[PDB]
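One structure below.
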Amino acid sequence: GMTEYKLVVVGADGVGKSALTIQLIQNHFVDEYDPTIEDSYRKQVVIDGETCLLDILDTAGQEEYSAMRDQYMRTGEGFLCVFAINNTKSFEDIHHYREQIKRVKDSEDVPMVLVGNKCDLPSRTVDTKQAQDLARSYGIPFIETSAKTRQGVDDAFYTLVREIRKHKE
Ligand SMILES: Cc1cccc2cccc(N3CCc4c(nc(OC[C@@H]5CCCN5C)nc4N4C[C@H]5CC[C@@H](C4)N5)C3)c12
Ligand SMILES: Nc1nc2c(ncn2[C@@H]2O[C@H](COP(=O)(O)OP(=O)(O)O)[C@@H](O)[C@H]2O)c(=O)[nH]1
Ligand SMILES: [Mg+2]
């Protein structure tokens, strides 16, 4: 039938978590999407021959650590950790998100992909090599994306899926 994958997109405000998701779900680029709306979106795709139902939690809201919040996040099987290549602070925040993923999942090996989004923009303050260094230290893949042009958007989610497959062994 379908193999279900629960994906969770995390990272600072304004990096493109919603644009990335809606590009995958609805195939268009949203200029302004309510920055406060957190929701899960379901999508059927074929990845490497396998029919997949992706359940994608696009995170938002206040920073808080309620039990309900922890419980929503730890249903994630894999995580897209997203920063913008023109937002140094959002890159620096990646480690915090990874730490919270490890905590709620209670594991050192959680399927994860590092995503530098907005690669269409000229005002790059985060070097590709800087983000690669981080990704290699974590043992995770790294990919640059543009939710605006769709460059790399499919690959980023599919790569996460393949990371979940490897985790299952
Ligand atoms: C995200 C997450 C992943 C995995 C498990 C989690 C478990 C509990 C809570 C999580 N959340 C909930 C959401 C959230 C978390 N951390 C920060 O941290 C911001 C800054 C960064 C440095 C610390 N803090 C000062 N901001 C958040 N939100 C505030 C702004 C920004 C994004 C968006 C949401 N709107 C951590 C988890
Ligand atoms: N140029 C460019 N702008 C983007 C890209 N992704 C998102 N944006 C814009 O960045 C702003 C924040 O995007 P959003 O998806 O709401 O970020 P979120 O807060 O992480 O959900 C919006 O105005 C988007 O139009 C991208 O890949 N390239
Ligand atoms: Mg959003």
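Chain labels follow the order of the structure tokens: the first chain is A, the next B, and so on; residue numbering restarts at 1 in every chain, and ligands are counted from 1 in their shown order.
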
Write out as a PyMOL selection string which residues come within 7 Å of residue A:113 when counting only C-alpha atoms, dropping same-chain ones fewer than 4 positions away. chain A and resi 79-81+140-142+160

File of the preceding selection, C-alpha atoms, as a compact mmCIF listing (two decimals), in the first residue's frame:
# COMPACT_ATOMS: atom_id res chain seq x y z
CA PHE A 79 13.83 15.80 11.17
CA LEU A 80 14.66 18.52 8.67
CA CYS A 81 16.81 21.04 10.54
CA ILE A 140 23.97 13.72 8.66
CA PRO A 141 23.46 14.84 5.06
CA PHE A 142 23.45 18.49 4.10
CA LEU A 160 15.42 12.42 5.02

Grab me every residue within 10 Å of ligand 1, counting only C-alpha atoms and all ligand atoms, and send it over as an mmCIF file with N, CA and C atoms, in the first residue's frame.
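To be explicit, this is the file written out as part-v9.cif:
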data_model
loop_
_atom_site.group_PDB
_atom_site.id
_atom_site.type_symbol
_atom_site.label_atom_id
_atom_site.label_comp_id
_atom_site.auth_asym_id
_atom_site.auth_seq_id
_atom_site.Cartn_x
_atom_site.Cartn_y
_atom_site.Cartn_z
ATOM 1 N N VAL A 8 9.392 15.931 10.592
ATOM 2 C CA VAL A 8 9.228 17.162 11.361
ATOM 3 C C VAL A 8 10.250 18.177 10.871
ATOM 4 N N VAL A 9 9.776 19.360 10.493
ATOM 5 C CA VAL A 9 10.616 20.451 10.007
ATOM 6 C C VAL A 9 10.807 21.441 11.149
ATOM 7 N N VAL A 10 12.059 21.649 11.559
ATOM 8 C CA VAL A 10 12.398 22.496 12.697
ATOM 9 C C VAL A 10 13.400 23.559 12.261
ATOM 10 N N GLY A 11 13.548 24.582 13.107
ATOM 11 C CA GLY A 11 14.495 25.650 12.845
ATOM 12 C C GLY A 11 13.913 27.027 13.126
ATOM 13 N N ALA A 12 14.741 28.068 13.064
ATOM 14 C CA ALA A 12 14.350 29.396 13.553
ATOM 15 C C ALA A 12 13.167 29.964 12.762
ATOM 16 N N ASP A 13 12.570 31.025 13.307
ATOM 17 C CA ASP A 13 11.508 31.735 12.603
ATOM 18 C C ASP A 13 12.042 32.338 11.309
ATOM 19 N N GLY A 14 11.245 32.236 10.247
ATOM 20 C CA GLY A 14 11.547 32.912 9.001
ATOM 21 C C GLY A 14 12.534 32.232 8.076
ATOM 22 N N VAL A 15 12.994 31.017 8.396
ATOM 23 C CA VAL A 15 13.985 30.355 7.545
ATOM 24 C C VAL A 15 13.358 29.692 6.324
ATOM 25 N N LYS A 17 10.552 27.128 6.807
ATOM 26 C CA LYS A 17 9.966 25.827 7.124
ATOM 27 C C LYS A 17 8.607 25.654 6.449
ATOM 28 N N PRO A 35 3.247 33.026 10.239
ATOM 29 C CA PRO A 35 4.439 32.469 10.896
ATOM 30 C C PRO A 35 4.126 31.742 12.182
ATOM 31 N N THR A 36 2.886 31.820 12.666
ATOM 32 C CA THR A 36 2.488 31.223 13.930
ATOM 33 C C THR A 36 1.792 29.878 13.769
ATOM 34 N N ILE A 37 1.454 29.474 12.547
ATOM 35 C CA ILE A 37 0.618 28.300 12.315
ATOM 36 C C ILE A 37 1.495 27.053 12.290
ATOM 37 N N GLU A 38 1.248 26.148 13.227
ATOM 38 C CA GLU A 38 1.906 24.851 13.264
ATOM 39 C C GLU A 38 0.896 23.792 12.850
ATOM 40 N N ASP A 58 5.097 20.896 10.277
ATOM 41 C CA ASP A 58 5.757 22.174 10.052
ATOM 42 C C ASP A 58 5.638 22.982 11.340
ATOM 43 N N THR A 59 6.752 23.147 12.057
ATOM 44 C CA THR A 59 6.689 23.643 13.423
ATOM 45 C C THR A 59 6.644 25.167 13.454
ATOM 46 N N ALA A 60 6.042 25.687 14.516
ATOM 47 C CA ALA A 60 5.862 27.120 14.734
ATOM 48 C C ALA A 60 5.356 27.295 16.159
ATOM 49 N N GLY A 61 5.188 28.550 16.568
ATOM 50 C CA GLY A 61 4.575 28.876 17.841
ATOM 51 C C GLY A 61 5.588 29.399 18.841
ATOM 52 N N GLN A 62 5.154 29.452 20.096
ATOM 53 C CA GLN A 62 6.023 29.918 21.164
ATOM 54 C C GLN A 62 7.056 28.852 21.515
ATOM 55 N N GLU A 63 8.210 29.300 22.001
ATOM 56 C CA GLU A 63 9.195 28.376 22.562
ATOM 57 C C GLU A 63 8.710 27.942 23.939
ATOM 58 N N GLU A 64 8.325 26.672 24.060
ATOM 59 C CA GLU A 64 7.870 26.099 25.319
ATOM 60 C C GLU A 64 8.109 24.594 25.280
ATOM 61 N N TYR A 65 8.144 23.979 26.457
ATOM 62 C CA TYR A 65 8.535 22.580 26.589
ATOM 63 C C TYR A 65 7.492 21.799 27.382
ATOM 64 N N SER A 66 6.223 22.054 27.078
ATOM 65 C CA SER A 66 5.130 21.297 27.660
ATOM 66 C C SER A 66 5.244 19.824 27.276
ATOM 67 N N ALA A 67 4.588 18.970 28.065
ATOM 68 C CA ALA A 67 4.594 17.542 27.757
ATOM 69 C C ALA A 67 3.909 17.278 26.426
ATOM 70 N N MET A 68 2.785 17.949 26.173
ATOM 71 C CA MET A 68 2.119 17.817 24.883
ATOM 72 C C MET A 68 3.057 18.185 23.738
ATOM 73 N N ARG A 69 3.830 19.263 23.898
ATOM 74 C CA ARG A 69 4.771 19.672 22.857
ATOM 75 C C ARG A 69 5.831 18.602 22.617
ATOM 76 N N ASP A 70 6.486 18.140 23.691
ATOM 77 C CA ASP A 70 7.445 17.039 23.586
ATOM 78 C C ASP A 70 6.832 15.830 22.894
ATOM 79 N N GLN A 71 5.557 15.550 23.171
ATOM 80 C CA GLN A 71 4.927 14.344 22.646
ATOM 81 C C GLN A 71 4.635 14.478 21.155
ATOM 82 N N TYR A 72 4.223 15.669 20.716
ATOM 83 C CA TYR A 72 4.055 15.924 19.285
ATOM 84 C C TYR A 72 5.384 15.780 18.541
ATOM 85 N N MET A 73 6.472 16.302 19.123
ATOM 86 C CA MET A 73 7.756 16.312 18.427
ATOM 87 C C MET A 73 8.362 14.913 18.355
ATOM 88 N N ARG A 74 8.284 14.134 19.437
ATOM 89 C CA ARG A 74 8.923 12.821 19.434
ATOM 90 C C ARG A 74 8.174 11.780 18.599
ATOM 91 N N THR A 75 6.986 12.095 18.056
ATOM 92 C CA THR A 75 6.410 11.230 17.024
ATOM 93 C C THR A 75 7.175 11.328 15.712
ATOM 94 N N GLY A 76 7.934 12.399 15.499
ATOM 95 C CA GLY A 76 8.792 12.484 14.330
ATOM 96 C C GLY A 76 9.773 11.331 14.179
ATOM 97 N N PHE A 79 13.933 14.362 10.964
ATOM 98 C CA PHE A 79 13.830 15.803 11.175
ATOM 99 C C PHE A 79 14.615 16.561 10.121
ATOM 100 N N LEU A 80 13.968 17.550 9.511
ATOM 101 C CA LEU A 80 14.656 18.518 8.665
ATOM 102 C C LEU A 80 15.032 19.699 9.550
ATOM 103 N N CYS A 81 16.325 19.932 9.730
ATOM 104 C CA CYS A 81 16.812 21.045 10.540
ATOM 105 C C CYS A 81 17.192 22.152 9.573
ATOM 106 N N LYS A 89 22.250 33.798 12.520
ATOM 107 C CA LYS A 89 21.696 33.377 13.794
ATOM 108 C C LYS A 89 20.948 32.055 13.665
ATOM 109 N N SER A 90 20.175 31.878 12.587
ATOM 110 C CA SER A 90 19.419 30.642 12.420
ATOM 111 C C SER A 90 20.342 29.451 12.244
ATOM 112 N N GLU A 92 23.373 29.263 13.657
ATOM 113 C CA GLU A 92 23.903 29.063 14.996
ATOM 114 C C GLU A 92 22.898 28.367 15.910
ATOM 115 N N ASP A 93 21.595 28.512 15.627
ATOM 116 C CA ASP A 93 20.565 27.874 16.433
ATOM 117 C C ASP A 93 20.400 26.391 16.120
ATOM 118 N N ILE A 94 21.034 25.869 15.061
ATOM 119 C CA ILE A 94 20.764 24.486 14.652
ATOM 120 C C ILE A 94 21.065 23.522 15.799
ATOM 121 N N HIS A 95 22.148 23.768 16.540
ATOM 122 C CA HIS A 95 22.556 22.810 17.567
ATOM 123 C C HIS A 95 21.483 22.655 18.640
ATOM 124 N N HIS A 96 20.853 23.763 19.039
ATOM 125 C CA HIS A 96 19.749 23.716 19.996
ATOM 126 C C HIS A 96 18.619 22.808 19.511
ATOM 127 N N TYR A 97 18.217 22.951 18.245
ATOM 128 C CA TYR A 97 17.151 22.100 17.717
ATOM 129 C C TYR A 97 17.565 20.637 17.717
ATOM 130 N N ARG A 98 18.784 20.356 17.258
ATOM 131 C CA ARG A 98 19.287 18.987 17.318
ATOM 132 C C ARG A 98 19.297 18.451 18.744
ATOM 133 N N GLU A 99 19.684 19.280 19.720
ATOM 134 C CA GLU A 99 19.698 18.833 21.114
ATOM 135 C C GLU A 99 18.295 18.485 21.601
ATOM 136 N N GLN A 100 17.299 19.303 21.236
ATOM 137 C CA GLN A 100 15.923 19.024 21.640
ATOM 138 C C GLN A 100 15.373 17.783 20.950
ATOM 139 N N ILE A 101 15.771 17.542 19.701
ATOM 140 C CA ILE A 101 15.367 16.315 19.018
ATOM 141 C C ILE A 101 15.940 15.098 19.741
ATOM 142 N N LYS A 102 17.238 15.129 20.036
ATOM 143 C CA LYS A 102 17.861 14.021 20.756
ATOM 144 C C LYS A 102 17.166 13.753 22.087
ATOM 145 N N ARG A 103 16.805 14.817 22.808
ATOM 146 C CA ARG A 103 16.179 14.683 24.122
ATOM 147 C C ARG A 103 14.814 14.009 24.034
ATOM 148 N N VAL A 104 13.917 14.528 23.191
ATOM 149 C CA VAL A 104 12.577 13.954 23.168
ATOM 150 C C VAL A 104 12.607 12.559 22.559
ATOM 151 N N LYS A 105 13.551 12.292 21.649
ATOM 152 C CA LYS A 105 13.685 10.962 21.057
ATOM 153 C C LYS A 105 14.488 10.020 21.939
#

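Atom pair atom 17 (O, counted along the ligand's line) of ligand 2 / atom CA of residue A:124 has a distance of 16.9 Å (rounded to one decimal).
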
Please report, as CSV, each residue of chain A lying at most 6 Å from ligand 2, together with the nearest pair of atoms and the separation in Å rounded to one decimal; use only C-alpha atoms and all ligand atoms, and order rows by chain and ascending residue number.
residue,atom,partner,partner_atom_place_in_ligand_line,distance
A:13,CA,ligand 2,19 (O),4.1
A:14,CA,ligand 2,19 (O),3.5
A:15,CA,ligand 2,20 (O),4.1
A:16,CA,ligand 2,15 (O),3.3
A:17,CA,ligand 2,20 (O),3.7
A:18,CA,ligand 2,15 (O),3.7
A:19,CA,ligand 2,15 (O),3.6
A:30,CA,ligand 2,25 (O),5.7
A:31,CA,ligand 2,25 (O),3.5
A:32,CA,ligand 2,23 (O),4.7
A:33,CA,ligand 2,16 (O),4.9
A:35,CA,ligand 2,19 (O),4.8
A:117,CA,ligand 2,27 (O),5.2
A:118,CA,ligand 2,27 (O),3.4
A:120,CA,ligand 2,28 (N),5.6
A:121,CA,ligand 2,1 (N),5.5
A:146,CA,ligand 2,27 (O),3.3
A:147,CA,ligand 2,27 (O),3.5
A:148,CA,ligand 2,27 (O),4.4

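Counting from atom CA of residue A:2, the distance to atom CA of residue A:42 is 12.2 Å.
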
Residues within 8 Å of residue A:55, only C-alpha atoms, excluding chain neighbours under 5 positions, as number ranges by chain: A: 4-7, 40-43

What parts of stretch 31-135 of chain A does DSSP call helix (DSSP H, G or I)? I'd like the answer as a PyMOL selection string. chain A and resi 67-74+88-92+94-105+128-135

Write out as a PDB file with N, CA, C and O atoms, in the first residue's frame the residues lying within 12 Å of residue A:123, counting only C-alpha atoms and excluding same-chain residues fewer than 4 positions away.
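Listing of result_16.pdb after writing:
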ATOM      1  N   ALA A  84      18.540  29.487   7.227  1.00  0.00           N
ATOM      2  CA  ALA A  84      18.653  30.222   5.977  1.00  0.00           C
ATOM      3  C   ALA A  84      20.098  30.653   5.774  1.00  0.00           C
ATOM      4  O   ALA A  84      20.785  31.051   6.720  1.00  0.00           O
ATOM      5  N   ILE A  85      20.574  30.548   4.532  1.00  0.00           N
ATOM      6  CA  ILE A  85      21.978  30.852   4.280  1.00  0.00           C
ATOM      7  C   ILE A  85      22.282  32.334   4.393  1.00  0.00           C
ATOM      8  O   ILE A  85      23.457  32.718   4.343  1.00  0.00           O
ATOM      9  N   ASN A  86      21.247  33.166   4.511  1.00  0.00           N
ATOM     10  CA  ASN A  86      21.376  34.590   4.770  1.00  0.00           C
ATOM     11  C   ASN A  86      20.948  34.947   6.193  1.00  0.00           C
ATOM     12  O   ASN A  86      20.579  36.095   6.458  1.00  0.00           O
ATOM     13  N   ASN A  87      20.963  33.976   7.108  1.00  0.00           N
ATOM     14  CA  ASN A  87      20.561  34.210   8.498  1.00  0.00           C
ATOM     15  C   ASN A  87      21.555  33.481   9.400  1.00  0.00           C
ATOM     16  O   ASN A  87      21.328  32.327   9.791  1.00  0.00           O
ATOM     17  N   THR A  88      22.643  34.174   9.752  1.00  0.00           N
ATOM     18  CA  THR A  88      23.681  33.543  10.571  1.00  0.00           C
ATOM     19  C   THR A  88      23.109  33.014  11.877  1.00  0.00           C
ATOM     20  O   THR A  88      23.417  31.893  12.292  1.00  0.00           O
ATOM     21  N   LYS A 118      16.849  29.167   1.091  1.00  0.00           N
ATOM     22  CA  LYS A 118      16.970  30.478   0.443  1.00  0.00           C
ATOM     23  C   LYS A 118      18.254  30.578  -0.366  1.00  0.00           C
ATOM     24  O   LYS A 118      18.861  31.644  -0.438  1.00  0.00           O
ATOM     25  N   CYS A 119      18.667  29.475  -0.989  1.00  0.00           N
ATOM     26  CA  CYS A 119      19.915  29.513  -1.753  1.00  0.00           C
ATOM     27  C   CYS A 119      19.796  30.360  -3.015  1.00  0.00           C
ATOM     28  O   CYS A 119      20.809  30.619  -3.675  1.00  0.00           O
ATOM     29  N   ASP A 127      28.538  30.113   4.858  1.00  0.00           N
ATOM     30  CA  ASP A 127      29.247  29.378   3.814  1.00  0.00           C
ATOM     31  C   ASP A 127      28.761  27.933   3.732  1.00  0.00           C
ATOM     32  O   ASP A 127      28.467  27.302   4.749  1.00  0.00           O
TER      33      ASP A 127
END

Strand (DSSP E) call set, DSSP backbone run, stretch 3-84 of chain A, as a ChimeraX atom specification: /A:3-10,39-47,50-58,78-84

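A straight line drawn from atom CA of residue A:27 to atom CA of residue A:54 is 14.8 Å long.
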
Kindly indicate which residue among A:45, A:164, A:24, A:135 lies nearest to residue A:152, using only C-alpha atoms for the distances. A:24

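Proximity to residue A:57 was assessed for A:150, A:44, A:77, A:109 counting only C-alpha atoms; the smallest distance is recorded for A:77.
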